[PDB]
Amino acid sequence: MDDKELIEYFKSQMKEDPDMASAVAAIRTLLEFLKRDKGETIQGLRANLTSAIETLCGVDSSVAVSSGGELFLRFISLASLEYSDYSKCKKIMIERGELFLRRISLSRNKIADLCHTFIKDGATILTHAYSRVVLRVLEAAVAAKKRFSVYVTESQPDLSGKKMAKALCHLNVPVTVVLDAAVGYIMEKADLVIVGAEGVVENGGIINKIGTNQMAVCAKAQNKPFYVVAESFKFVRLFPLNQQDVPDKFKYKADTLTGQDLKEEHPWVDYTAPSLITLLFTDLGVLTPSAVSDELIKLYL
Amino acid sequence: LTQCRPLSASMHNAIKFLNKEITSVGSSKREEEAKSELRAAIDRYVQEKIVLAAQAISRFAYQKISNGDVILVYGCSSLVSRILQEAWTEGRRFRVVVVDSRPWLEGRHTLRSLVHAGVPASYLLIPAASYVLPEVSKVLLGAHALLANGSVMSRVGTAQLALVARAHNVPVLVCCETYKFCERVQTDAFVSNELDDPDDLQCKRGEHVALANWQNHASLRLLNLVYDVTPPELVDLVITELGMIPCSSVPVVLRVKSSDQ
C-alpha cells in the first residue's frame, strides 16, 4: 500500500465509525498494510511498517497513534522471533492480528464494567474535555440505576467539554459546564475525578488534553480521588521528566507543525505524574500506576 | 492550688489580672474601700471576660452556622454548647456529631445538652472520626488556651480531629475568649502538659480487667495525657469577642489587650 492509499484507508476507517479510537483505526490500517505487503523478508516488512507508522503519525499527532504503531511493531517482532520461515510468520501474523483487532474492539466494554462500580450513588464527578471511554463508563453507571451529577470543563480551545455535556444530556444525566479557570473553584464539590488518557507513559503517569495536570494538582490538594480510564493499546514507552520533556510532535497538531502576541503555539497535551493518579481502569483490569510499567517490562525483553 | 491540680491558662490569666489590680491600689485608700474595689473589679472581670464575651462569640459564630449543616464537636465546652443552643433557638437547623474519648467521656455532657435543646445529635468515639468526617461540613472546637504563636492548647485529641478534618477537606473553627490568650509558646504536647491519674485508663471489658495491677509489671507505663497542641496551620478560624480572626492574630490581640493595661 502506498502512502496516499494508507492515509485514505485510515481516514475512511475513522469516518465510518466515529466511536472508533484513533489508535484502533491506525492498528487496523497497519494490519491492512501487512496483508497487502509484497515483500518476502522480515527486515523489509519492518522498514515498510515503520514508514507507514511515520505516515500515520504525520496524519495524526496523538500519542495514541504512535503507541498503537509501536505496539504493532512489537507484535510483528514477537511473531518473527518464534518463527524463522517468513511465509508461516506472515500467516500467523495475519491470524493473530485479526484476533488482536477482535479483542481490542471490546476494551471499552470491559473498562466500563470494571469502573462503573466505583461511582457512589448520589455523587459528583468532575471531568475534563471529551472522552468516549468516560462516556461509556457513565452509561454503564446509569444503566446500573445510579444517580449522580457531572461537572465538565469547557476544555478550550476546541470546546470539547460542551460536546461531552451534550452527549451526557443525551443520557439524561445532570451535567454542568464550568470554565477551566473555575476548576479549582469547583473541586470542593466533586467527590471524584474521572478523565481519559491519550497515552500512559512508562512511569504510570498520563499524557492528556491540556488542563489535566492542573486538575490533578488541585485534586491532590483537596485529597480527592483521581481516576483514569484508558485502553491497553495507549501504553507508551515514554519517560518525560517535566512538561518540556514531552515530545513536541505530540504537543502541537499535525497542521500546526516572539514576545508580542506570540502565544507560543498553545500546547494540546500535558503530562500528569503518577503520584497524582489513584487508579487506572484498563481492559487488563483495575491497576495501580506502577502496574503499567510492568506491562511494558514484560512486553519487551 | 497548683499542688492540687496544675492551673489552667484561664486561672493563670485571672491570677495575673488580680495581682495587677492589687498592686495598683493606692496606699492612702482605706482597707474596706480597697476590699470593696477589689471585689467589684473581680465581678467586672467575670462579667466582661466570660459572660459578655460568650454572648459576643455566640453572636459572631451564628453567622458561620448554616441550614443543613453537620457540625462536629469534641468533648465538653460550655462556649460551644452555648453557641449551638443559641443558633438552634434563633432558627438555624443543623445536626451535631459529638466525638468523645476515654477516660473522661466529657462529650456525653454536650450530648445531653444538645438533646435538651432539641438539636439532633449523633455520638461516637474518636477512633471512628475518620468514618464520620465525610458527612461533616464544619468542625467546631473549644480551646483551653491560645498560645502566642497561634497554637491551640486544648483537650487531647483536638489536634487529631483537626488533622483528620484537614485530610478530609473540612474547615476547622476554634471558639475562645480573649481572656484565655497566653504569651507562652509551645511546639509540642511534651514540654508542658498534665498527667492525669493513670488508673483512669483501666477499663471493664468482659469479666476480666486488663491493666489491673499494672504497677506489678516493671516495664508497663500508663500515659493519661490531658492536653495537646494544635499547630496554627491546622486551624482555619478563631471566633473571639473581637470577631473572626485568623489563627495568627493571637499575638496582636494580646497587644491590643495589653496597651490598655
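Below, chains carry the letters A, B, ... as their sequence lines are ordered, and counting in each starts from 1.
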* Flag, side chain of A:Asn203 to backbone of A:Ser293, donor-acceptor distance under 3.5 Å -> no

* Does the B:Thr240 side chain pair with the main chain of B:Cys176, one donor and one acceptor, at a distance under 3.5 Å? -> no

* Between the main-chain N or O of B:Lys20 and the side-chain N or O of B:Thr23, is there a donor-acceptor pair closer than 3.5 Å? -> no

* To do: Enter the distance from B:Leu133:CG to B:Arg166:CZ here, rounded to the nearest 0.5 Å.
  => 12.0 Å

* To do: List the steps and the verdict of side-chain contact (heavy atoms from CB on, under 4.5 Å) for A:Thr288 and A:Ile277.
  => CA-CA 8 Å; A:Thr288 62; A:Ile277 298 176; over 6 Å; no

* Asked: Hey, is the main chain of B:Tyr62 close enough, under 3.5 Å, to the side chain of B:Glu90 for a donor-acceptor pair?
  -> no

* Counting N and O atoms only, with roles assigned by atom type, does the side chain of B:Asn169 sit under 3.5 Å from a partner on the main chain of A:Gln222, one being a donor and the other an acceptor? -> no

* Asked: Do B:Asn224 side-chain atoms and B:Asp199 backbone N/O form a donor-acceptor pair below 3.5 Å?
  -> no

* To do: Apply side-chain contact (heavy atoms from CB on, under 4.5 Å) to B:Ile42 and B:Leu18, showing your working.
  => CA-CA 8 Å; B:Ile42 293 179; B:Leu18 183 58; 3.9 Å; yes

* To do: Quick one: pull up CD in A:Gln214 and OG1 in A:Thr272 and give me the separation to the nearest 0.5 Å.
  => 10.0 Å

* Asked: In terms of ring plane angle, is the pair A:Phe281 and A:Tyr227 parallel, tilted or perpendicular, where the classes change at 30° and 60°?
  -> perpendicular

* Asked: If only atom types and distance count, is the side chain of A:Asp121 paired as donor or acceptor with the main-chain N or O of A:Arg147 below 3.5 Å?
  -> yes

* Ring-face cation contact, B:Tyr74 with B:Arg155, 6.0 Å cut, 45° max -> no

* Structure fact -> Note: A:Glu154 and A:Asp180 closest approach over all heavy atoms is N-OD1, 3.5 Å

* **Pair B:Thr178-B:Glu241, side-chain donor/acceptor within less than 3.5 Å** => yes

* Any donor-acceptor pair under 3.5 Å from A:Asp191 side chain to A:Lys120 backbone -> no

* Asked: Hey, does the side chain of B:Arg92 reach the backbone of B:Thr89 with a donor-acceptor pair shorter than 3.5 angstrom?
  -> no

* Asked: Under 3.5 Å, is there a donor-acceptor pair between the side chain of B:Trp214 and the main chain of B:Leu222?
  -> no

